[PDB]
């Protein structure tokens, strides 16, 4: 007996096109998404060229329309030069991404004043998300309050961060957050197995206490999102390993395993992979779209999943229970038991759908 889920949404993926297509491209990354039960993805802007201006966004839109197999929206990235210049294209993006700490990214800002300038100039009704670790979470929350608007915190990984966000929510501040599966299912305990190259990720893997705190504070977590961050094994194991884990193909099975163990409910999962992503980012429904999962199937994660060009996974060897059997996207069979059945280009930019525009007051 299969369970029918709505089309799941991952608001944090790196699809590497343009410019990093040996790691992933729209076609391979959206194949990975579909195999993971994900029918809509929001792609981050730290590509080459980075998506920090109208011409880069135009290029990325065309590459995505030609290559994506599932539906998508594309983030714009904040830079040290583009505040006040994105107004005409802002509404066509998923939102604006701020990179506020060292990581795989034309996009660290030099000064909190630059953060302020982005919060002041980006349209107030459109999403802002931030890579903001440890005290940076508190700092960007302060900027959001000074500018009287909301912010969404990406990949929360630490007890410190989730408790800060919890305190902010208790004060009624408009903040939401997401958590990635590696910060729920891996910890320092796994670094010996992974090694120092494979284990590189930002935010870094946390202690057992960090992981426990995220689970204990599940009520504070608005979304799950993979931070799918593919790099090749050669890159991960080489002399300057880039941070990041692939995760689209493993996220849902890991979380289904947790559901079957009673660690969270099916509803908790659907709030975090469907309803809350929709409402935070004003993402539209997908007609005739659903995912069928088998909750009984036990398997062990292999050394690589079938679709991502990363061709490795940090979850190798973990025992999971639950698998994606079928995905239907807008009335077409998109995935069945290991086979993707929609071509590159089937996917569409949801921000171009009438129902996918973010509502705003007449300007």
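Numbering follows the first chain given and starts at 1.
Checked against the other entries of this protein, residue 17 counts as unresolved in at least one third of those spanning it. In at least a third of the other compared PDB entries of this protein that cover both flanking sides, residue 196 is left without coordinates.
Comparing the deposited coordinates for 312-320 and 37-45, the stretch with the larger average C-alpha B-factor is 312-320. Note on 187-195 vs 152-160: mean CA B-factor is higher in 187-195. Taking only the listed residues 176, 134, 85, 114, the entry reports the highest CA temperature factor at 85. The residue among 238, 77, 203, 181 whose C-alpha carries the highest B-factor in the deposited model is 238. When the modelled residues of the chain are ordered by their C-alpha B factor, residue 284 lands in the middle third.
For residue 8, the recorded CA temperature factor ranks within the lowest third of the chain's modelled residues. The deposited CA B-factor of residue 268 belongs to the middle third of values across its chain. Placement of the Cα temperature factor of residue 351 within the chain: middle third of the modelled residues, per the deposited record.
Annotation for residue 217: C-alpha temperature factor in the lowest third relative to the rest of the modelled chain, per the entry.
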